[PDB]
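J.: show me how the following folds:
(10 chains)
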Amino acid sequence: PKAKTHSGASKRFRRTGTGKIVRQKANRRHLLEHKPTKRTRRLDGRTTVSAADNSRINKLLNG
Amino acid sequence: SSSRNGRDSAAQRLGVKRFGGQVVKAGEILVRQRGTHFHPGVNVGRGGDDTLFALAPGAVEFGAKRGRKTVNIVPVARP
Amino acid sequence: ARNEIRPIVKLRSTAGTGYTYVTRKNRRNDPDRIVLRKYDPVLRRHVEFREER
RNA sequence: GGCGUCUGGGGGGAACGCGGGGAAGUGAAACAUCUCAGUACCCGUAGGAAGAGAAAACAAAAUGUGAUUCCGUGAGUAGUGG
RNA sequence: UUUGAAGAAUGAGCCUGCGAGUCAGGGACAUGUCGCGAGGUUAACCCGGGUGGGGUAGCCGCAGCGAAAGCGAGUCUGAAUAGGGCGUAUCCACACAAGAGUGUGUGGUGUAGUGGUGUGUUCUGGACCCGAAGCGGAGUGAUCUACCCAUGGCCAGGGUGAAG
RNA sequence: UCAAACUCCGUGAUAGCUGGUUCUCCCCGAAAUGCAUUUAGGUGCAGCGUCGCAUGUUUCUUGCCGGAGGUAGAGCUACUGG
RNA sequence: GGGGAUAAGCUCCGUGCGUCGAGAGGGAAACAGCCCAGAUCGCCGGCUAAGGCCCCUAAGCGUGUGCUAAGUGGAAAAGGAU
RNA sequence: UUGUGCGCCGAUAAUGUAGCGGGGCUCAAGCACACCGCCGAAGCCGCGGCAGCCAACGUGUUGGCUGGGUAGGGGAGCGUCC
RNA sequence: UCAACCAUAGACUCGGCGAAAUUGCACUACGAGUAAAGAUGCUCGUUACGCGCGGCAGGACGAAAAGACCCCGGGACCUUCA
RNA sequence: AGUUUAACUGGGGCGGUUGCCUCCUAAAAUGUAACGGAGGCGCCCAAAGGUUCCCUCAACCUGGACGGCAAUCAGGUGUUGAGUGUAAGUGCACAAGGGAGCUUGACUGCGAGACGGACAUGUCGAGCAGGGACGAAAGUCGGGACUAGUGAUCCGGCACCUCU
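T.: Numbering: from 1, shown residues only, chains lettered A, B, ... in the order given. See the structure here:
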């Protein structure tokens, strides 16, 4: 049979044009009462995945 | 029958990071430090945590200004 | 941490004709709640908020 | 209810089917929700095949399709999910 | 197998024969090879004594950014051409700006993917081989032993001497 | 054979566990450390290995110049304490 | 360098220090980690290291000048002694 | 009375000498300082054969460097059956 | 104390039938020592003619049973205001 | 009836502990363990934040009504031995210590280049724009002298949006 995909890795990982892998960043949802805005501001956007986990993430996304 | 000690605090990686002579870009971090062990001089700025950084590119010179070790930046020669 | 009635209490700071809740955590054994306050809202500019919880 | 007469049924079968019941070890590096599986097994009835089947259906303003079933794709996608 | 075994750590009496990384699948990724080449290839199926011909439904590429509307070599955020993020195969040649690390506008050179197959790892399946204790479903078992029921039989011989 | 029999079936149950895993040569060639861990005998990533492509000496060694350190040592009417 | 009794073939850290692990051969009486030295195969060829030259054991009961009288050599303290 | 180099006593466990590896050694074969030679390894060299990386050249020759190896990665092959 | 004697079934000898668990090997000494820290197998020395029979039971870390005490992992069954 | 009931540990148990900050060990960069040695935190803050300006303490000597070892005062010596919101260190007299006036930057939209780096986390950040504070201006202000003061993801909740 086919190779089934990983839900989480599909919902928390996408791919751009040139094959990069992309994620979002952490400590953004709650407890913002005391987090300064610069700390709240480098956590926005997306970020390219590390090197070390690229392979693992390929194997999760594809099959 | 207990040793109530045992704790400790993980490091903070303090100290000099760009010594004498080197080439540094702008906004680069020369030293991380708690107090002003090293003070700013010329073309150098201070942080919040008493970190230092560069405001103008160039190269380092750890000199003193009235008994206090400073850090400076000098103009590189344009090619 | 929790939600106890802590000395450092209260929150919410709403705006007049400016809907951009700015937040701050403060005590409540002191008297005041009808003066001071200011900040920049959306589309608008430096104007005055309430501490309205 | 009793008596007489006439016709049926009764059980066996290797798998295949339809309706009903219906687990657990396993995986989750524990585990109860979940999964294994509505599988194994059990029941009642069949047939040479069965069941479903003629729209109280799809669709999207395209002037469209026109009973059902089984195969390929859509798709390991939209989604669902401690 | 161990840091370390000639080891007084395990295993083997000897011979002979048998005995453990396998298969599926247009599955995934990487890489060799072959056909085609900005195109590539068919599935079910039909016709075929055979391994062959057909079959455009589909899939992968050829433009992306953005949560989305949406826009488009630009787009998103934002009041902003003001910076940044992602993208615009890559290089090459000339310019203008700075050397806060190079950028921006032109010109040309022009983009290579896909389908078979082989190898390696891998996903789902018993998934390199052997090994439990023990969980569940349906049945077999009281001729042994535990207890009860129905019905029969057995307890030599000698002493003590209750009630009446 | 009983702190819950036996048999067939599920079932080739599962084991972070023990054992075992068969012909040859050529080249290179380790580790036993770090963070995390229901975790410490296991595993994930980094570390060290090789194969292929790319970048070409950027690695390493010696000499010379520039730089911060508060260790050995020594010192204390140069501070804190004896 | 810590813990320990400044004991352990103890335990825990450092180290462009080493070797063993994965590394044979020679010496150490025998002896994974010590010293030397890093094995492509052959030769009834030569020179050397560590170590050693009375016999066992191939090589010097070698040369020169002094000490040792204890079998020291070929275990050992506080302390004692013409 | 000082400092030295060798020495003495303190010295003391249970299968059998048994704290030179043994015989034995002071007519040193023991300690020290200098000197001379030598033996000694799979090290280096010497004569030959194979192999891998690179380089030079010519239609595969030569040369330099290299060749311990477990976990493991890669490469090239014998053999069995149909 | 304090053990002695006698008889039968065995045990020993002869004739016949004729197994067993166990087993890497083998023409399988002792000592002091070294070593994964208790050596038939190593070193250095001492002793010993080859092959058998009855007998003892110190060792071969003897045979048997993939420890039953401990620890880890998984189960089971039992309890309780989990 | 189905199942859970932790780990470390100089065997296990009993005890104690698990995260974060500071110091020594820690061996003159960074880093480095032990059931090694000493402490602390799970906060507070109309001001104890921002800005402009001004001043220097502690201690000792003396005088001095209650007043003494010390209270407030005056006069000298006093380079810094006090104090710094809270543990310790590094720093602070050039003051970051003490005091007074305005005051909300305890903002919004971003962010070159860098540190540290298994990974996710984490730390600073000049400079640009709107709109402001203070100040005569230069210029400083994106919380506190610095490092601790808190908890990923999922699932829900409140306000606003010209998204569906």
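J.: distance of the residue in chain C that RNA strand J sits nearest to from RNA strand F?
T.: Per Cβ to the nearest atom of the strand, residue C:1 is where chain C lies closest to RNA strand J, at 2.8 Å. For the C-beta atoms, the positions are set from N, CA and C on the backbone; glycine is no exception. Residue C:1 is 20 Å from RNA strand F, where distance means Cβ to the nearest atom of the strand, to the nearest Å.
J.: nearest residue to the middle of chain B?
T.: Taking Cα atoms, centre = their mean, the centroid of chain B lies closest to residue B:31, which sits 2.1 Å from it.
J.: ok, chain A next?
T.: So for chain A, Cα atoms, centre = their mean, it's residue A:23, sitting 2.1 Å from the centre.
J.: distance of it from chain C?
T.: 28 Å (Cβ to the nearest Cβ, to the nearest Å).
J.: residues contacting residue B:61?
T.: Applying Cβ atoms under 8 Å, 6 or more residues apart in numbering or on different chains to residue B:61 gives the contacts B:20, B:41, B:71, B:72, B:73, B:74.
J.: cool, residue C:12 as well?
T.: Going by Cβ under 8 Å, 6+ apart, residue C:12 touches C:21, C:23, C:51, C:52, C:53.
J.: and for the residue of chain C closest to RNA strand J, the neighbour number?
T.: 5 (other Cβ atoms under 10 Å in any protein chain shown).
J.: returning to what we had before: can you list the contacts of residue B:61 in JSON lines and add secondary structure and distance to chain A?
T.: Converted to JSON lines, these look like this (DSSP: H, G, I helix; E, B strand; the rest coil; distance: Cβ to the nearest Cβ, whole Å):
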{"residue": "B:20", "secondary structure": "coil", "distance to chain A": "32"}
{"residue": "B:41", "secondary structure": "coil", "distance to chain A": "27"}
{"residue": "B:71", "secondary structure": "strand", "distance to chain A": "25"}
{"residue": "B:72", "secondary structure": "coil", "distance to chain A": "28"}
{"residue": "B:73", "secondary structure": "strand", "distance to chain A": "25"}
{"residue": "B:74", "secondary structure": "strand", "distance to chain A": "31"}
